[PDB]
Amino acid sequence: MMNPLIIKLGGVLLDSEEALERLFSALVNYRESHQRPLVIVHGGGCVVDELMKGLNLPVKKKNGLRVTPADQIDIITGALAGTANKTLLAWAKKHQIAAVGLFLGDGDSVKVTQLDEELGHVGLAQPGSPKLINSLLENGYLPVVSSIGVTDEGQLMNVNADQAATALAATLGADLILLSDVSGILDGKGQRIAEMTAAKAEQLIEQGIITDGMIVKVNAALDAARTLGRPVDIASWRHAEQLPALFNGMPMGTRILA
């Protein structure tokens, strides 16, 4: 047996039926040979933005962060905790996987407080109780956890999915992979770097090699690893066939140590 693995799924992946079919095929392949408890954590992003578009609701920001007013946390919760979550559960059912949909508040898995009065219903994640998810994992279910949470007072909160996944990893003593569009960082010679310290990450950045949104992806993993105290992997679905090895603990993307 092994400690659990949290696979966090980013926006672009959820928007792509190709990526989803490759992911769930990968999950089936891995599960045929491997025993490790797996947990999925997901955001939404696109499905939320699509729905705000359709409702002609403006998506505002304060200092580079989203704002979820009282009067739209319910819509956002619908898109994320409902649509995105159940879409994943439908994929699981199609592929014969016994999944169970959760949000952060189920079993107080991840505790959430209000980040900032000015941002409204945006939550800050912290580790919660592992009891519920441990018992689901013990009984052979694959928990699929959305990044909506709830405060102890009963207020719904939209939580950054990377930070939610980090909190849940801490809660369960789990390893963490952040799956998205980046398959792995390459050095100044176009060679995948299998393992990267904070120091080489910081060098590689404004040495000019790590640029654009990749800065944000690497910084997200560094933040997660800094918190967790064990490494966090960045990977993509690109090489479907390597995902099972990735899930088994091999650094097939880029492993961040911080």
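When you see a residue number, it is the position in the sequence shown, counting from 1.
- 184 to 192 and 145 to 153 differ in mean CA B-factor, and the higher of the two is recorded for 184 to 192.
- Higher average CA B factor: 63 to 71, of the stretches 31 to 39 and 63 to 71.
- Of the candidates 228, 26, 220, 201, it is 201 whose Cα B-factor is highest according to the PDB record.
- Ranked within its chain, residue 118 lands in the highest third, by CA B factor from the PDB record.
- Ranked against the other modelled residues of its chain, the C-alpha B-factor of residue 6 as given in the entry falls in the lowest third.
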